[PDB]
Each structure stands twice: as structure tokens, then as C-alpha cells.
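The data block below is target_10.txt; it holds compact mmCIF, N, CA, C and O atoms.
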```
# COMPACT_ATOMS: atom_id res chain seq x y z
N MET Y 1 55.24 48.08 134.44
CA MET Y 1 55.66 49.47 134.32
C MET Y 1 54.50 50.36 133.88
O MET Y 1 53.76 50.01 132.96
N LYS Y 2 54.35 51.50 134.53
CA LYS Y 2 53.28 52.44 134.20
C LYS Y 2 53.82 53.87 134.11
O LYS Y 2 53.51 54.72 134.93
N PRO Y 3 54.64 54.13 133.08
CA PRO Y 3 55.23 55.45 132.85
C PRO Y 3 54.20 56.57 132.94
O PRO Y 3 52.99 56.31 132.99
N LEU Y 4 54.68 57.81 132.97
CA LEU Y 4 53.80 58.97 133.05
C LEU Y 4 52.70 58.90 131.99
O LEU Y 4 52.82 58.19 130.99
N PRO Y 5 51.61 59.65 132.21
CA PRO Y 5 50.48 59.69 131.29
C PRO Y 5 50.82 60.40 129.98
O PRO Y 5 50.91 61.63 129.94
N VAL Y 6 51.00 59.62 128.92
CA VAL Y 6 51.34 60.18 127.62
C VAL Y 6 50.37 61.30 127.23
O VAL Y 6 49.22 61.31 127.66
N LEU Y 7 50.85 62.23 126.42
CA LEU Y 7 50.03 63.36 125.98
C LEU Y 7 48.88 62.88 125.11
O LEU Y 7 49.08 62.47 123.96
N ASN Y 8 47.67 62.93 125.65
CA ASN Y 8 46.48 62.51 124.92
C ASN Y 8 45.43 63.61 124.89
O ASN Y 8 45.71 64.75 125.28
N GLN Y 9 44.23 63.27 124.43
CA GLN Y 9 43.14 64.24 124.35
C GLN Y 9 42.62 64.58 125.74
O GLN Y 9 41.75 65.44 125.90
N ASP Y 10 43.16 63.91 126.76
CA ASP Y 10 42.74 64.14 128.13
C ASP Y 10 43.95 64.42 129.02
O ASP Y 10 43.97 64.06 130.20
N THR Y 11 44.97 65.05 128.45
CA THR Y 11 46.19 65.37 129.19
C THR Y 11 46.34 66.88 129.38
O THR Y 11 46.03 67.66 128.48
N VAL Y 12 46.81 67.28 130.55
CA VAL Y 12 47.00 68.69 130.86
C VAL Y 12 48.24 68.90 131.72
O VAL Y 12 48.27 68.52 132.89
N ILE Y 13 49.27 69.51 131.14
CA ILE Y 13 50.51 69.77 131.86
C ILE Y 13 50.63 71.25 132.22
O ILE Y 13 50.49 72.13 131.37
N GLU Y 14 50.89 71.52 133.50
CA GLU Y 14 51.03 72.89 133.98
C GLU Y 14 52.18 73.00 134.97
O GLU Y 14 52.14 72.44 136.07
N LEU Y 15 53.22 73.73 134.58
CA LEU Y 15 54.39 73.92 135.43
C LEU Y 15 54.60 75.40 135.75
O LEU Y 15 54.37 76.27 134.90
N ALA Y 16 55.02 75.68 136.97
CA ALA Y 16 55.27 77.05 137.40
C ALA Y 16 56.42 77.12 138.40
O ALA Y 16 56.50 76.31 139.32
N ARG Y 17 57.31 78.09 138.21
CA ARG Y 17 58.45 78.26 139.09
C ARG Y 17 58.30 79.51 139.95
O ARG Y 17 57.90 80.57 139.46
N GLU Y 18 58.61 79.38 141.23
CA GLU Y 18 58.50 80.50 142.16
C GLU Y 18 59.59 80.43 143.23
O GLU Y 18 60.27 79.41 143.37
N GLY Y 19 59.75 81.52 143.98
CA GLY Y 19 60.76 81.56 145.02
C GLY Y 19 61.61 82.81 144.96
O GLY Y 19 61.09 83.92 144.89
N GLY Y 20 62.93 82.63 144.99
CA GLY Y 20 63.83 83.76 144.93
C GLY Y 20 63.88 84.53 146.24
O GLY Y 20 64.24 83.98 147.28
N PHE Y 21 63.51 85.80 146.18
CA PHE Y 21 63.51 86.65 147.37
C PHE Y 21 62.40 87.70 147.29
O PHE Y 21 61.71 87.97 148.28
N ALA Y 22 62.24 88.29 146.11
CA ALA Y 22 61.21 89.30 145.90
C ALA Y 22 60.22 88.87 144.83
O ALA Y 22 60.60 88.32 143.80
N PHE Y 23 58.94 89.12 145.09
CA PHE Y 23 57.88 88.76 144.15
C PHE Y 23 57.95 89.63 142.89
O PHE Y 23 57.52 90.78 142.91
N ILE Y 24 58.48 89.06 141.82
CA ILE Y 24 58.60 89.79 140.56
C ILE Y 24 58.03 88.97 139.40
O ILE Y 24 58.30 87.78 139.25
N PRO Y 25 57.21 89.63 138.56
CA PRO Y 25 56.59 88.99 137.40
C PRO Y 25 57.58 88.19 136.57
O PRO Y 25 57.29 87.07 136.14
N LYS Y 26 58.76 88.76 136.35
CA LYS Y 26 59.80 88.10 135.58
C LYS Y 26 60.17 86.75 136.19
O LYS Y 26 60.67 85.86 135.51
N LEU Y 27 59.91 86.61 137.49
CA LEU Y 27 60.21 85.37 138.20
C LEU Y 27 59.02 84.42 138.15
O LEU Y 27 58.94 83.47 138.93
N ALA Y 28 58.09 84.68 137.23
CA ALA Y 28 56.91 83.84 137.08
C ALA Y 28 57.25 82.53 136.39
O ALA Y 28 57.24 81.46 137.01
N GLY Y 29 57.56 82.61 135.10
CA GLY Y 29 57.90 81.42 134.34
C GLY Y 29 56.84 80.34 134.45
O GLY Y 29 57.15 79.19 134.75
N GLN Y 30 55.59 80.71 134.21
CA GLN Y 30 54.48 79.77 134.28
C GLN Y 30 54.12 79.24 132.90
O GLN Y 30 54.17 79.97 131.91
N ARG Y 31 53.75 77.96 132.84
CA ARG Y 31 53.38 77.33 131.57
C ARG Y 31 52.28 76.30 131.78
O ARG Y 31 52.52 75.22 132.32
N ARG Y 32 51.07 76.64 131.35
CA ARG Y 32 49.93 75.74 131.49
C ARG Y 32 49.36 75.36 130.12
O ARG Y 32 48.74 76.18 129.45
N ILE Y 33 49.59 74.11 129.72
CA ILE Y 33 49.10 73.63 128.43
C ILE Y 33 48.07 72.51 128.62
O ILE Y 33 48.38 71.47 129.20
N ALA Y 34 46.86 72.74 128.13
CA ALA Y 34 45.79 71.75 128.24
C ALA Y 34 45.38 71.23 126.86
O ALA Y 34 44.77 71.95 126.07
N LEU Y 35 45.73 69.98 126.59
CA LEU Y 35 45.39 69.36 125.31
C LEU Y 35 43.88 69.29 125.11
O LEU Y 35 43.38 69.42 123.99
N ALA Y 36 43.16 69.09 126.21
CA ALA Y 36 41.71 69.00 126.16
C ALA Y 36 41.09 70.36 125.86
O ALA Y 36 39.89 70.46 125.60
N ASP Y 37 41.91 71.40 125.90
CA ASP Y 37 41.44 72.76 125.63
C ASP Y 37 41.81 73.19 124.22
O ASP Y 37 41.63 74.35 123.84
N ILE Y 38 42.32 72.25 123.43
CA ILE Y 38 42.72 72.53 122.06
C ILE Y 38 42.25 71.43 121.11
O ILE Y 38 41.61 70.47 121.53
N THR Y 39 42.57 71.58 119.83
CA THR Y 39 42.18 70.60 118.83
C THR Y 39 43.26 69.55 118.64
O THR Y 39 44.43 69.77 118.94
N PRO Y 40 42.86 68.37 118.13
CA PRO Y 40 43.79 67.26 117.89
C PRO Y 40 45.05 67.70 117.15
O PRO Y 40 46.16 67.43 117.60
N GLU Y 41 44.86 68.38 116.03
CA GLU Y 41 45.99 68.86 115.23
C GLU Y 41 46.84 69.85 116.03
O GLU Y 41 48.07 69.84 115.95
N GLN Y 42 46.17 70.70 116.81
CA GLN Y 42 46.87 71.69 117.62
C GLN Y 42 47.81 71.02 118.62
O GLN Y 42 48.93 71.48 118.84
N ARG Y 43 47.34 69.93 119.21
CA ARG Y 43 48.14 69.20 120.19
C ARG Y 43 49.38 68.59 119.53
O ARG Y 43 50.51 68.84 119.96
N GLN Y 44 49.16 67.80 118.49
CA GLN Y 44 50.26 67.16 117.77
C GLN Y 44 51.29 68.19 117.33
O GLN Y 44 52.49 68.02 117.55
N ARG Y 45 50.82 69.26 116.69
CA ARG Y 45 51.70 70.31 116.21
C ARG Y 45 52.44 70.98 117.37
O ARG Y 45 53.60 71.35 117.25
N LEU Y 46 51.75 71.12 118.50
CA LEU Y 46 52.34 71.74 119.68
C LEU Y 46 53.52 70.91 120.20
O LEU Y 46 54.63 71.42 120.33
N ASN Y 47 53.26 69.64 120.48
CA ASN Y 47 54.30 68.75 120.98
C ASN Y 47 55.49 68.71 120.02
O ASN Y 47 56.64 68.87 120.43
N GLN Y 48 55.20 68.49 118.74
CA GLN Y 48 56.25 68.42 117.73
C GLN Y 48 56.98 69.76 117.62
O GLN Y 48 58.19 69.80 117.37
N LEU Y 49 56.25 70.85 117.80
CA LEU Y 49 56.83 72.18 117.72
C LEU Y 49 57.89 72.38 118.80
O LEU Y 49 59.06 72.61 118.49
N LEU Y 50 57.48 72.28 120.06
CA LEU Y 50 58.40 72.44 121.18
C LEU Y 50 59.58 71.49 121.06
O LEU Y 50 60.73 71.89 121.21
N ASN Y 51 59.29 70.23 120.77
CA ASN Y 51 60.33 69.22 120.62
C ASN Y 51 61.30 69.59 119.51
O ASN Y 51 62.52 69.49 119.66
N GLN Y 52 60.75 70.03 118.38
CA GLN Y 52 61.57 70.42 117.23
C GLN Y 52 62.39 71.67 117.55
O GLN Y 52 63.32 72.01 116.82
N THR Y 53 62.04 72.33 118.65
CA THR Y 53 62.75 73.54 119.06
C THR Y 53 63.93 73.20 119.96
O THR Y 53 64.89 73.97 120.05
N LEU Y 54 63.86 72.05 120.62
CA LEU Y 54 64.93 71.62 121.51
C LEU Y 54 66.28 71.64 120.79
O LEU Y 54 67.22 72.31 121.22
N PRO Y 55 66.38 70.90 119.68
CA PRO Y 55 67.60 70.82 118.88
C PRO Y 55 67.90 72.13 118.15
O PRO Y 55 68.96 72.28 117.54
N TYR Y 56 66.97 73.07 118.23
CA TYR Y 56 67.13 74.37 117.58
C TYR Y 56 67.22 75.49 118.60
O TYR Y 56 67.15 76.67 118.26
N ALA Y 57 67.38 75.11 119.87
CA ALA Y 57 67.49 76.08 120.95
C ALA Y 57 68.84 75.97 121.66
O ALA Y 57 69.61 75.05 121.40
N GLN Y 58 69.11 76.92 122.55
CA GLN Y 58 70.36 76.93 123.29
C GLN Y 58 70.48 75.69 124.18
O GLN Y 58 69.55 74.88 124.26
N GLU Y 59 71.62 75.56 124.85
CA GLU Y 59 71.85 74.42 125.74
C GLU Y 59 71.40 74.74 127.16
O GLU Y 59 71.31 75.90 127.55
N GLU Y 60 71.12 73.69 127.93
CA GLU Y 60 70.68 73.86 129.31
C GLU Y 60 71.86 74.15 130.23
O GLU Y 60 73.00 73.81 129.92
N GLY Y 61 71.58 74.79 131.36
CA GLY Y 61 72.63 75.12 132.31
C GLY Y 61 72.56 74.27 133.56
O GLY Y 61 72.40 74.79 134.67
N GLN Y 62 72.69 72.96 133.40
CA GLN Y 62 72.64 72.03 134.53
C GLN Y 62 71.28 72.07 135.20
O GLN Y 62 70.53 73.04 135.09
N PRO Y 63 70.94 70.99 135.93
CA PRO Y 63 69.67 70.88 136.64
C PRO Y 63 69.34 72.12 137.46
O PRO Y 63 68.18 72.46 137.66
N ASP Y 64 70.39 72.81 137.92
CA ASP Y 64 70.21 74.02 138.71
C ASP Y 64 71.25 75.07 138.33
O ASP Y 64 72.41 75.00 138.73
N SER Y 65 70.82 76.05 137.54
CA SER Y 65 71.70 77.12 137.09
C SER Y 65 71.74 78.26 138.11
O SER Y 65 70.82 78.44 138.91
N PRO Y 66 72.83 79.04 138.08
CA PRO Y 66 73.01 80.17 139.00
C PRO Y 66 72.06 81.32 138.69
O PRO Y 66 71.35 81.30 137.69
N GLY Y 67 72.06 82.33 139.56
CA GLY Y 67 71.19 83.47 139.37
C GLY Y 67 70.74 84.09 140.68
O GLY Y 67 71.12 83.62 141.75
N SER Y 68 69.94 85.14 140.59
CA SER Y 68 69.44 85.83 141.77
C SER Y 68 68.50 84.92 142.57
O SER Y 68 68.22 83.79 142.16
N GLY Y 69 68.01 85.43 143.69
CA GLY Y 69 67.10 84.66 144.52
C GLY Y 69 67.82 83.91 145.63
O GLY Y 69 69.04 83.74 145.57
N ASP Y 70 67.07 83.47 146.63
CA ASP Y 70 67.64 82.74 147.75
C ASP Y 70 67.03 81.34 147.86
O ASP Y 70 67.73 80.36 148.08
N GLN Y 71 65.71 81.27 147.71
CA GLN Y 71 65.00 80.00 147.80
C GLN Y 71 64.07 79.81 146.60
O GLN Y 71 62.99 80.39 146.55
N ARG Y 72 64.51 79.00 145.64
CA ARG Y 72 63.72 78.74 144.45
C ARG Y 72 63.14 77.33 144.48
O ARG Y 72 63.75 76.41 145.02
N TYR Y 73 61.95 77.18 143.91
CA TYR Y 73 61.28 75.88 143.87
C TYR Y 73 60.44 75.73 142.61
O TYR Y 73 59.93 76.72 142.07
N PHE Y 74 60.30 74.50 142.14
CA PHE Y 74 59.52 74.22 140.94
C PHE Y 74 58.25 73.45 141.28
O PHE Y 74 58.25 72.57 142.14
N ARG Y 75 57.16 73.80 140.60
CA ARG Y 75 55.88 73.14 140.83
C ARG Y 75 55.31 72.59 139.53
O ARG Y 75 54.90 73.34 138.65
N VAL Y 76 55.28 71.26 139.42
CA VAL Y 76 54.76 70.60 138.23
C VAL Y 76 53.44 69.91 138.52
O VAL Y 76 53.36 69.00 139.34
N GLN Y 77 52.39 70.35 137.83
CA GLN Y 77 51.06 69.77 138.01
C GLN Y 77 50.60 69.05 136.75
O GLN Y 77 50.20 69.68 135.77
N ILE Y 78 50.67 67.72 136.78
CA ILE Y 78 50.26 66.91 135.64
C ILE Y 78 48.85 66.37 135.83
O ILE Y 78 48.62 65.45 136.62
N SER Y 79 47.90 66.94 135.09
CA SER Y 79 46.51 66.52 135.17
C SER Y 79 46.17 65.55 134.05
O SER Y 79 46.13 65.93 132.88
N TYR Y 80 45.91 64.30 134.41
CA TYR Y 80 45.58 63.27 133.43
C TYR Y 80 44.24 62.61 133.77
O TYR Y 80 44.03 62.16 134.90
N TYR Y 81 43.35 62.56 132.79
CA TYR Y 81 42.04 61.96 132.98
C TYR Y 81 41.84 60.76 132.05
O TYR Y 81 41.72 60.92 130.84
N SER Y 82 41.81 59.57 132.64
CA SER Y 82 41.63 58.35 131.86
C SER Y 82 40.37 57.60 132.30
O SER Y 82 39.54 58.15 133.02
N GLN Y 83 40.25 56.35 131.87
CA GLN Y 83 39.09 55.53 132.22
C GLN Y 83 39.30 54.85 133.57
O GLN Y 83 38.38 54.80 134.39
N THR Y 84 40.50 54.33 133.79
CA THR Y 84 40.82 53.65 135.03
C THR Y 84 41.40 54.62 136.05
O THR Y 84 41.15 54.50 137.25
N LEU Y 85 42.19 55.58 135.57
CA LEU Y 85 42.81 56.57 136.44
C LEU Y 85 42.47 57.99 135.98
O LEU Y 85 42.90 58.42 134.92
N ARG Y 86 41.69 58.70 136.79
CA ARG Y 86 41.29 60.06 136.47
C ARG Y 86 41.57 61.00 137.64
O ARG Y 86 40.79 61.08 138.59
N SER Y 87 42.69 61.72 137.57
CA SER Y 87 43.08 62.65 138.62
C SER Y 87 44.28 63.48 138.20
O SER Y 87 44.77 63.36 137.08
N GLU Y 88 44.76 64.33 139.11
CA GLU Y 88 45.90 65.18 138.83
C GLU Y 88 47.07 64.85 139.75
O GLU Y 88 46.88 64.28 140.83
N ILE Y 89 48.28 65.20 139.33
CA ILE Y 89 49.47 64.94 140.12
C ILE Y 89 50.34 66.19 140.24
O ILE Y 89 50.95 66.63 139.26
N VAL Y 90 50.39 66.76 141.44
CA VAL Y 90 51.18 67.95 141.68
C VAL Y 90 52.46 67.62 142.45
O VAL Y 90 52.45 66.80 143.37
N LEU Y 91 53.55 68.26 142.06
CA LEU Y 91 54.84 68.03 142.70
C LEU Y 91 55.59 69.34 142.90
O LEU Y 91 55.81 70.10 141.95
N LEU Y 92 55.99 69.61 144.14
CA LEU Y 92 56.72 70.83 144.46
C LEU Y 92 58.03 70.51 145.19
O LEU Y 92 58.02 69.98 146.30
N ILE Y 93 59.15 70.83 144.55
CA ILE Y 93 60.46 70.58 145.13
C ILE Y 93 61.44 71.69 144.78
O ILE Y 93 61.55 72.11 143.62
N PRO Y 94 62.17 72.18 145.79
CA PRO Y 94 63.16 73.25 145.61
C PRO Y 94 64.09 72.99 144.43
O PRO Y 94 64.37 71.84 144.09
N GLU Y 95 64.56 74.06 143.80
CA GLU Y 95 65.45 73.95 142.66
C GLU Y 95 66.74 73.23 143.05
O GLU Y 95 67.32 72.49 142.26
N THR Y 96 67.19 73.47 144.28
CA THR Y 96 68.42 72.85 144.78
C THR Y 96 68.34 71.33 144.69
O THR Y 96 69.36 70.64 144.66
N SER Y 97 67.12 70.80 144.64
CA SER Y 97 66.91 69.36 144.56
C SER Y 97 66.13 69.00 143.30
O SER Y 97 65.85 67.83 143.04
N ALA Y 98 65.79 70.01 142.51
CA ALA Y 98 65.04 69.80 141.27
C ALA Y 98 65.71 68.73 140.41
O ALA Y 98 66.77 68.94 139.83
N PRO Y 99 65.06 67.56 140.33
CA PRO Y 99 65.57 66.43 139.54
C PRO Y 99 65.50 66.69 138.04
O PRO Y 99 64.77 67.58 137.59
N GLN Y 100 66.24 65.91 137.27
CA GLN Y 100 66.26 66.06 135.82
C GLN Y 100 64.84 66.08 135.26
O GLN Y 100 64.55 66.78 134.29
N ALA Y 101 63.96 65.30 135.87
CA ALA Y 101 62.57 65.22 135.43
C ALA Y 101 61.89 66.59 135.53
O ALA Y 101 61.10 66.96 134.67
N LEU Y 102 62.20 67.32 136.60
CA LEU Y 102 61.62 68.64 136.81
C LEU Y 102 62.17 69.64 135.80
O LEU Y 102 61.40 70.33 135.12
N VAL Y 103 63.49 69.72 135.70
CA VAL Y 103 64.13 70.63 134.76
C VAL Y 103 63.79 70.29 133.32
O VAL Y 103 63.79 71.15 132.45
N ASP Y 104 63.50 69.01 133.08
CA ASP Y 104 63.15 68.55 131.74
C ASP Y 104 61.65 68.72 131.48
O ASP Y 104 61.22 68.88 130.34
N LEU Y 105 60.86 68.68 132.55
CA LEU Y 105 59.42 68.83 132.44
C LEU Y 105 59.04 70.27 132.13
O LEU Y 105 58.08 70.53 131.41
N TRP Y 106 59.80 71.21 132.69
CA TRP Y 106 59.55 72.63 132.47
C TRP Y 106 60.12 73.08 131.13
O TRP Y 106 59.67 74.08 130.57
N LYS Y 107 61.10 72.34 130.63
CA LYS Y 107 61.73 72.67 129.35
C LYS Y 107 61.03 71.96 128.20
O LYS Y 107 60.52 72.60 127.28
N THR Y 108 61.00 70.63 128.26
CA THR Y 108 60.36 69.83 127.22
C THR Y 108 58.96 69.42 127.64
O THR Y 108 58.02 69.50 126.85
N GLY Y 109 58.82 68.97 128.88
CA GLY Y 109 57.52 68.55 129.38
C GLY Y 109 57.15 67.15 128.93
O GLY Y 109 55.99 66.76 128.97
N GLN Y 110 58.15 66.39 128.49
CA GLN Y 110 57.93 65.03 128.02
C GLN Y 110 58.54 64.01 128.98
O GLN Y 110 59.50 64.32 129.69
N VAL Y 111 57.98 62.81 129.00
CA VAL Y 111 58.47 61.75 129.88
C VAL Y 111 59.98 61.58 129.73
O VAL Y 111 60.50 61.48 128.62
N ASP Y 112 60.68 61.54 130.86
CA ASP Y 112 62.13 61.37 130.86
C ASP Y 112 62.51 59.89 130.80
O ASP Y 112 61.93 59.07 131.50
N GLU Y 113 63.48 59.57 129.95
CA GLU Y 113 63.93 58.19 129.79
C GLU Y 113 65.12 58.12 128.84
O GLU Y 113 65.87 57.14 128.85
```

Mind turning the file's structure into C-alpha cells?
Amino acid sequence: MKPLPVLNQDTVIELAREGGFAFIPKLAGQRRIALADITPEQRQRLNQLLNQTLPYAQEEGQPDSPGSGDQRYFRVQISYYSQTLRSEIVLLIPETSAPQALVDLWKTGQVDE
């Protein structure tokens, strides 16, 4: 088993949602976090922060919640640089098919299990 690349000093998660019908800033919802662009403490505090916010935040509205737009899609780009494996992984799939991993990656951004 080789689960997703755990958040390390060489991990970079970047997710962005687009689609709908009209190009509107509010429909951006972009989130690019690069651990390699911050300090060790900053990373740990960041992960713990967001995670600690989950139980302190509202509830999710199913893998695909209602709203405006006609064609929505999620784009998750996981950039991981290791010794044996050094590359990035981009995934783009419509919201209508957005798996729990996608909806969870944009919300928590942590390995699903």
C-alpha cells in the first residue's frame, strides 16, 4: 500500500474549483498551500489549525451541494517531491462525479480513510 503523500517539508497541495456558467471571482474558491514555502512550525500549526476547525465548523452538504451554475468541476493538484518519487499529481473531475476524496480534499485536504 502506498497512500497519498503525507504532508511533509516537500508537500504542496493546491485545489481550485471552476465551472458554473459565468466567470465570476466568487466562483473562484482557490486554495494553494505549499509547505515548502513555509516554516516547519507553520506547517504543523496549519494542518492542526484547519483540522481543529473541522469539528468547529458547519456541516458539509453532501459530495455535491445545490446552487447556481450548469457545469461545475474540481481540480486538485497534489505536488509531492521525494527521493524515489518526485512529481505532481493533477486531477480534474466534474462536481457531479466529485468523489468524497475531492470534496474532502478541498475541505480538509487530508488523506481520506

Could you give me, as a PyMOL selection string, the residues within 8 Å of residue 17 (chain Y), counting only C-alpha atoms and dropping anything in the same chain fewer than 2 positions from it? chain Y and resi 15+19+27-30+72-75

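Look at residue 109 (chain Y): the protein and nucleic acid residues within 10 Å of it, using only C-alpha atoms and passing over chain neighbours fewer than 2 places away, are residues 7, 13, 14, 15, 31, 33, 47, 50, 51, 76, 78, 101, 102, 103, 104, 105, 106, 107, 111 and 112 of chain Y.
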
Generate a file of the selected residues that holds N, CA, C and O atoms, formatted as a compact mmCIF listing (two decimals), in the frame of the given file.
```
# COMPACT_ATOMS: atom_id res chain seq x y z
N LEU Y 7 50.85 62.23 126.42
CA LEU Y 7 50.03 63.36 125.98
C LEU Y 7 48.88 62.88 125.11
O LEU Y 7 49.08 62.47 123.96
N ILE Y 13 49.27 69.51 131.14
CA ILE Y 13 50.51 69.77 131.86
C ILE Y 13 50.63 71.25 132.22
O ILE Y 13 50.49 72.13 131.37
N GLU Y 14 50.89 71.52 133.50
CA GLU Y 14 51.03 72.89 133.98
C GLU Y 14 52.18 73.00 134.97
O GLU Y 14 52.14 72.44 136.07
N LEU Y 15 53.22 73.73 134.58
CA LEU Y 15 54.39 73.92 135.43
C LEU Y 15 54.60 75.40 135.75
O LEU Y 15 54.37 76.27 134.90
N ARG Y 31 53.75 77.96 132.84
CA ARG Y 31 53.38 77.33 131.57
C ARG Y 31 52.28 76.30 131.78
O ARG Y 31 52.52 75.22 132.32
N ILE Y 33 49.59 74.11 129.72
CA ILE Y 33 49.10 73.63 128.43
C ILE Y 33 48.07 72.51 128.62
O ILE Y 33 48.38 71.47 129.20
N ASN Y 47 53.26 69.64 120.48
CA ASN Y 47 54.30 68.75 120.98
C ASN Y 47 55.49 68.71 120.02
O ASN Y 47 56.64 68.87 120.43
N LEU Y 50 57.48 72.28 120.06
CA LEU Y 50 58.40 72.44 121.18
C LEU Y 50 59.58 71.49 121.06
O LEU Y 50 60.73 71.89 121.21
N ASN Y 51 59.29 70.23 120.77
CA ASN Y 51 60.33 69.22 120.62
C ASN Y 51 61.30 69.59 119.51
O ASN Y 51 62.52 69.49 119.66
N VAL Y 76 55.28 71.26 139.42
CA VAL Y 76 54.76 70.60 138.23
C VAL Y 76 53.44 69.91 138.52
O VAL Y 76 53.36 69.00 139.34
N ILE Y 78 50.67 67.72 136.78
CA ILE Y 78 50.26 66.91 135.64
C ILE Y 78 48.85 66.37 135.83
O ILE Y 78 48.62 65.45 136.62
N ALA Y 101 63.96 65.30 135.87
CA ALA Y 101 62.57 65.22 135.43
C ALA Y 101 61.89 66.59 135.53
O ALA Y 101 61.10 66.96 134.67
N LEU Y 102 62.20 67.32 136.60
CA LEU Y 102 61.62 68.64 136.81
C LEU Y 102 62.17 69.64 135.80
O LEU Y 102 61.40 70.33 135.12
N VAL Y 103 63.49 69.72 135.70
CA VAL Y 103 64.13 70.63 134.76
C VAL Y 103 63.79 70.29 133.32
O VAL Y 103 63.79 71.15 132.45
N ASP Y 104 63.50 69.01 133.08
CA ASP Y 104 63.15 68.55 131.74
C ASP Y 104 61.65 68.72 131.48
O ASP Y 104 61.22 68.88 130.34
N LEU Y 105 60.86 68.68 132.55
CA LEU Y 105 59.42 68.83 132.44
C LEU Y 105 59.04 70.27 132.13
O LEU Y 105 58.08 70.53 131.41
N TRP Y 106 59.80 71.21 132.69
CA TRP Y 106 59.55 72.63 132.47
C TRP Y 106 60.12 73.08 131.13
O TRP Y 106 59.67 74.08 130.57
N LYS Y 107 61.10 72.34 130.63
CA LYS Y 107 61.73 72.67 129.35
C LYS Y 107 61.03 71.96 128.20
O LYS Y 107 60.52 72.60 127.28
N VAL Y 111 57.98 62.81 129.00
CA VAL Y 111 58.47 61.75 129.88
C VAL Y 111 59.98 61.58 129.73
O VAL Y 111 60.50 61.48 128.62
N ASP Y 112 60.68 61.54 130.86
CA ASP Y 112 62.13 61.37 130.86
C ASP Y 112 62.51 59.89 130.80
O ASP Y 112 61.93 59.07 131.50
```

Residues flagged alpha helix (DSSP H) by DSSP in region 13-91 of chain Y, as a list in words: residues 40, 41, 42, 43, 44, 45, 46, 47, 48, 49, 50, 51, 52 and 53 of chain Y

Using only N, CA, C and O atoms, please write the residues we just selected to a file, as a PDB file, keeping the file's coordinate frame.
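Result saved to again.pdb:
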```
ATOM      1  N   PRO Y  40      42.860  68.370 118.130  1.00  0.00           N
ATOM      2  CA  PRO Y  40      43.790  67.260 117.890  1.00  0.00           C
ATOM      3  C   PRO Y  40      45.050  67.700 117.150  1.00  0.00           C
ATOM      4  O   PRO Y  40      46.160  67.430 117.600  1.00  0.00           O
ATOM      5  N   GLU Y  41      44.860  68.380 116.030  1.00  0.00           N
ATOM      6  CA  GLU Y  41      45.990  68.860 115.230  1.00  0.00           C
ATOM      7  C   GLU Y  41      46.840  69.850 116.030  1.00  0.00           C
ATOM      8  O   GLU Y  41      48.070  69.840 115.950  1.00  0.00           O
ATOM      9  N   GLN Y  42      46.170  70.700 116.810  1.00  0.00           N
ATOM     10  CA  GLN Y  42      46.870  71.690 117.620  1.00  0.00           C
ATOM     11  C   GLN Y  42      47.810  71.020 118.620  1.00  0.00           C
ATOM     12  O   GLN Y  42      48.930  71.480 118.840  1.00  0.00           O
ATOM     13  N   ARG Y  43      47.340  69.930 119.210  1.00  0.00           N
ATOM     14  CA  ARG Y  43      48.140  69.200 120.190  1.00  0.00           C
ATOM     15  C   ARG Y  43      49.380  68.590 119.530  1.00  0.00           C
ATOM     16  O   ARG Y  43      50.510  68.840 119.960  1.00  0.00           O
ATOM     17  N   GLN Y  44      49.160  67.800 118.490  1.00  0.00           N
ATOM     18  CA  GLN Y  44      50.260  67.160 117.770  1.00  0.00           C
ATOM     19  C   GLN Y  44      51.290  68.190 117.330  1.00  0.00           C
ATOM     20  O   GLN Y  44      52.490  68.020 117.550  1.00  0.00           O
ATOM     21  N   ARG Y  45      50.820  69.260 116.690  1.00  0.00           N
ATOM     22  CA  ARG Y  45      51.700  70.310 116.210  1.00  0.00           C
ATOM     23  C   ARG Y  45      52.440  70.980 117.370  1.00  0.00           C
ATOM     24  O   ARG Y  45      53.600  71.350 117.250  1.00  0.00           O
ATOM     25  N   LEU Y  46      51.750  71.120 118.500  1.00  0.00           N
ATOM     26  CA  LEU Y  46      52.340  71.740 119.680  1.00  0.00           C
ATOM     27  C   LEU Y  46      53.520  70.910 120.200  1.00  0.00           C
ATOM     28  O   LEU Y  46      54.630  71.420 120.330  1.00  0.00           O
ATOM     29  N   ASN Y  47      53.260  69.640 120.480  1.00  0.00           N
ATOM     30  CA  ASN Y  47      54.300  68.750 120.980  1.00  0.00           C
ATOM     31  C   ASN Y  47      55.490  68.710 120.020  1.00  0.00           C
ATOM     32  O   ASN Y  47      56.640  68.870 120.430  1.00  0.00           O
ATOM     33  N   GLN Y  48      55.200  68.490 118.740  1.00  0.00           N
ATOM     34  CA  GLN Y  48      56.250  68.420 117.730  1.00  0.00           C
ATOM     35  C   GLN Y  48      56.980  69.760 117.620  1.00  0.00           C
ATOM     36  O   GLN Y  48      58.190  69.800 117.370  1.00  0.00           O
ATOM     37  N   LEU Y  49      56.250  70.850 117.800  1.00  0.00           N
ATOM     38  CA  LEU Y  49      56.830  72.180 117.720  1.00  0.00           C
ATOM     39  C   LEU Y  49      57.890  72.380 118.800  1.00  0.00           C
ATOM     40  O   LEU Y  49      59.060  72.610 118.490  1.00  0.00           O
ATOM     41  N   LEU Y  50      57.480  72.280 120.060  1.00  0.00           N
ATOM     42  CA  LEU Y  50      58.400  72.440 121.180  1.00  0.00           C
ATOM     43  C   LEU Y  50      59.580  71.490 121.060  1.00  0.00           C
ATOM     44  O   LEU Y  50      60.730  71.890 121.210  1.00  0.00           O
ATOM     45  N   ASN Y  51      59.290  70.230 120.770  1.00  0.00           N
ATOM     46  CA  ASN Y  51      60.330  69.220 120.620  1.00  0.00           C
ATOM     47  C   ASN Y  51      61.300  69.590 119.510  1.00  0.00           C
ATOM     48  O   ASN Y  51      62.520  69.490 119.660  1.00  0.00           O
ATOM     49  N   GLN Y  52      60.750  70.030 118.380  1.00  0.00           N
ATOM     50  CA  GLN Y  52      61.570  70.420 117.230  1.00  0.00           C
ATOM     51  C   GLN Y  52      62.390  71.670 117.550  1.00  0.00           C
ATOM     52  O   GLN Y  52      63.320  72.010 116.820  1.00  0.00           O
ATOM     53  N   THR Y  53      62.040  72.330 118.650  1.00  0.00           N
ATOM     54  CA  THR Y  53      62.750  73.540 119.060  1.00  0.00           C
ATOM     55  C   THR Y  53      63.930  73.200 119.960  1.00  0.00           C
ATOM     56  O   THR Y  53      64.890  73.970 120.050  1.00  0.00           O
TER      57      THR Y  53
END
```

Go through region 18-90 of chain Y and collect every residue that DSSP, computed from the backbone, puts in strand (DSSP E); the answer should be as a VMD selection string. chain Y and resid 18 to 20 30 to 34 71 to 81 86 to 90

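Closest to residue 113 (chain Y) among Y:92, Y:87, Y:3, Y:69 is Y:3, based on only C-alpha atoms.
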
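Distances here use only C-alpha atoms; by that measure, the residue among Y:70, Y:48, Y:81, Y:22 closest to residue 9 (chain Y) is Y:81.
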